[PDB]
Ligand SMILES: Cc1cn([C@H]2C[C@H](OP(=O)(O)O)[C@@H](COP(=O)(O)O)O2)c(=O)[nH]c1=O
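Only one chain comes next, encoded as structure tokens, the form deposited without the named molecule.
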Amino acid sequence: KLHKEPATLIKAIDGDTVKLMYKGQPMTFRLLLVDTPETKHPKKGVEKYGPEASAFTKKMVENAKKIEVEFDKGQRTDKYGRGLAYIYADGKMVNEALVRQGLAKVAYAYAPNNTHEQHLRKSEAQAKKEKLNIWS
């Protein structure tokens, strides 16, 4: 079973990346299962809807009174040392909120880190049907 743990916002970095205080140590978190247009993309820099996605994530975590991180079942850090998790702001999953708004696509999932994949894909299908942002 997945478990939610408390954390404290330090700084929102990009639409798919936020730095948090987790267990007394500052750490960069990469949002599991979602790909957002980037503003700090290593090859393109700023893509379309990139500023929109970053703003959405930033506002969501900054306005939250309780932030929680939920690791999946596989590895918990990627090769760059970023934690891999589902992030919740006052009980709402940021990863899902971005996909539901058409500000993120569901990324290629790798078991065992794919527990909420079907949930996310369902929100993505709804965002496509509504032709929101990325899907218009």
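For every residue, the number given is its place in the sequence shown, counted from 1.
What comes next is about the form solved in complex with the named molecule, which does not appear here.
A heavy atom within 4.5 Å of the named molecule in the deposited complex is found for one listed residue only; from 84, 27, 55, 64, this is 84. The candidate spot formed by 22, 90 and 93 is out of contact with the named molecule in the deposited complex: none of the three has a heavy atom within 4.5 Å. Within 4.5 Å of some heavy atom of the named molecule in the deposited complex lies at least one heavy atom of residue 35.
By the criterion of a heavy atom within 4.5 Å, residue 78 is counted among the residues contacting the named molecule in the deposited complex.
Proximity of residue 17 to the named molecule in the deposited complex: non-hydrogen atoms within 4.5 Å are present. Remark: residue 99 does not count among the residues lining the named molecule in the deposited complex, judged by a heavy atom distance of 4.5 Å or less. Residue 108 is the only member of 87 to 108 with a non-hydrogen atom no more than 4.5 angstroms from the named molecule in the deposited complex.
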